[PDB]
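Take a look at the letters that make up each chain.
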Amino acid sequence: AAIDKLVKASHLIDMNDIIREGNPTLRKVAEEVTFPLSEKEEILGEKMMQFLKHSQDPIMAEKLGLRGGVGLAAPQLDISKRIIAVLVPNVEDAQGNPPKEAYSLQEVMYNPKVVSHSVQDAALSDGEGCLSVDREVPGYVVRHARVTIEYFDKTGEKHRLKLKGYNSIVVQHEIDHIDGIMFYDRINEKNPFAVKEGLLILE
Ligand SMILES: [Zn+2]
Ligand SMILES: [Zn+2]
Ligand SMILES: [Zn+2]
Ligand SMILES: [Zn+2]
Ligand SMILES: [Zn+2]
Ligand SMILES: [Zn+2]
Ligand SMILES: [Zn+2]
Ligand SMILES: [Zn+2]
């Protein structure tokens, strides 16, 4: 099936492995994974993280024809499993010095979920994009400002983590994918740029 092609040792995930808006797998509730993970599930997670590293590297992205990205969920690869990868880089200072930490978040998460969140909502000022959507979609994607999540890593170890800012937005976006929700589902239907009072707009 699709997962066998994806986990071949020499196979690199690229845009042609990513399904498109309209494909029913994007609207399903993905199946939880069981531990211990199968080798396929473990390698899939690793290929997904490799895809994010490549997409953020100017040469490899160029070589493989990749759009820069900070997250991917398995349903985007036509695999209906609760697996996501997130990779959010820190940025150089104005003198060109690399950050202390290369990434503010780097994880492959199995069965992630939000277990609590802030009453306050937030949205990226620039809106959101999606590897599976080849349209322009304007508007504020209203999400929780802060969340506490739970997930398991490839070893089966459980983690509990609080997130805010951009990291909170990114994980919420990927978890939506494993629940069959798309970012534009969270954009006001009548005025994409409406702002309910108290909405935290992130630059
Ligand atoms: Zn491929
Ligand atoms: Zn491995
Ligand atoms: Zn590589
Ligand atoms: Zn709990
Ligand atoms: Zn709630
Ligand atoms: Zn997405
Ligand atoms: Zn929620
Ligand atoms: Zn709509």
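Residues numbered from 1 in each chain as written, not as in the entry; some residues may be left out. Chains lettered and ligands numbered in written order. Heavy atoms only, no water. Residues with missing side-chain atoms left out of burial classes, pairs and counts.

The record lists X-ray crystallography as the method behind this PDB entry and 2.00 Å as its resolution.

### Description of the UniProt feature "active site" in the protein
The following threshold applies: UniProt positions are given in the numbering used here, feature names are shortened, and annotations may be inferred rather than shown by experiment. Secondary structure counts use DSSP, requiring at least four H or I residues in a row for a helix and at least two E residues in a row for a strand, with both numbered from the N terminus. The criterion used for residue contact is that any of the two residues' heavy atoms lie within 4.5 Å.
As recorded in UniProt, the feature "active site" lies at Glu-174. Note on placement: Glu-174 falls in helix 4 (residues 165-177). In this structure, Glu-174 is in contact with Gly-71, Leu-72, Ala-73, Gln-76, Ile-84, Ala-85 and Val-86, ignoring residues within four places of it in sequence.

### Details of the sheet that holds strand 8 (residues 200-202)
Formally: Here the rule is simple: two strands pair whenever DSSP picks up at least two bridges between them.
Read across the open sheet, the 3 strands follow the order 5-4-8; overall the sheet is mixed. The sheet terminates laterally at strand 5 (143-144) and strand 8, the two strands that pair on one side only. Pairing geometry for strand 4 (residues 121-124) and strand 8, over 3 bridges, is parallel. Residue pairing for strand 8: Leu-124 is matched across the bridge by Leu-202.

### Details of unusual backbone geometry
The general pattern is negative phi for most residues beyond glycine and trans for most peptide bonds. Geometrically, the link from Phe-35 to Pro-36 is a cis peptide bond, its omega value of 5 degrees lying close to zero. Mapping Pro-36 onto the fold places it in the loop between helix 1 (2-7) and helix 2 (39-56). Of note, the phi angle at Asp-78 is positive, near 70 degrees, even though the residue is not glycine. Checked against the element boundaries, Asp-78 lands in the loop between strand 1 (71-73) and strand 2 (83-89). Of note, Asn-111 is a non-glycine position whose phi angle comes to about 50 degrees, a positive value. With respect to the element layout, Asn-111 can be found in strand 3 (residues 103-117).

### Considerations on the UniProt feature "binding site: Fe cation" in the protein
Stated formally: Accessible area is worked out with a 1.4 Å probe on protein chains only. A residue is then buried under 20% of its type maximum, exposed over 50%, and partly exposed in between.
Look at the UniProt record and you will see "binding site: Fe cation" annotated at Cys-130, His-173 and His-177. Taken along the chain, the residues just named run across 48 residues; in space they keep tight, none of their C-alpha pairs more than 10.5 Å apart. Here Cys-130 is to be found in the loop between strand 4 and strand 5. Assessed through its relative accessible area of 10%, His-173 is described here as buried. Setting aside residues up to four positions removed in sequence, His-173 forms contacts with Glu-128, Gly-129, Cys-130, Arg-143 and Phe-183.

### Points about the sheet that holds strand 7 (residues 158-163)
Inclusion rule: Here, axes are lines fitted to C-alpha atoms. For helices the fit covers the stretch in contact, and angles between N-to-C directions go from 0 to 180 degrees.
Taken together, the 5 strands give an open sheet; going across it, the order is 1-2-3-6-7, and neighbouring strands pair in antiparallel fashion. Two strands close off the open sheet at either side, each with one partner strand: strand 1 and strand 7. Taken over all neighbouring pairs, the strand axes of this sheet differ in orientation by 40 degrees on average, direction set aside. In terms of strand pairing, strand 3 meets strand 6 (residues 147-152) through 5 bridges, oriented antiparallel. Within strand 6, the position partnered with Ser-116 by the bridge is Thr-148. Across the face of the sheet, helix 4 comes into contact with strand 1, strand 2, strand 3, strand 6 and strand 7 while running at roughly 160 degrees to strand 2.

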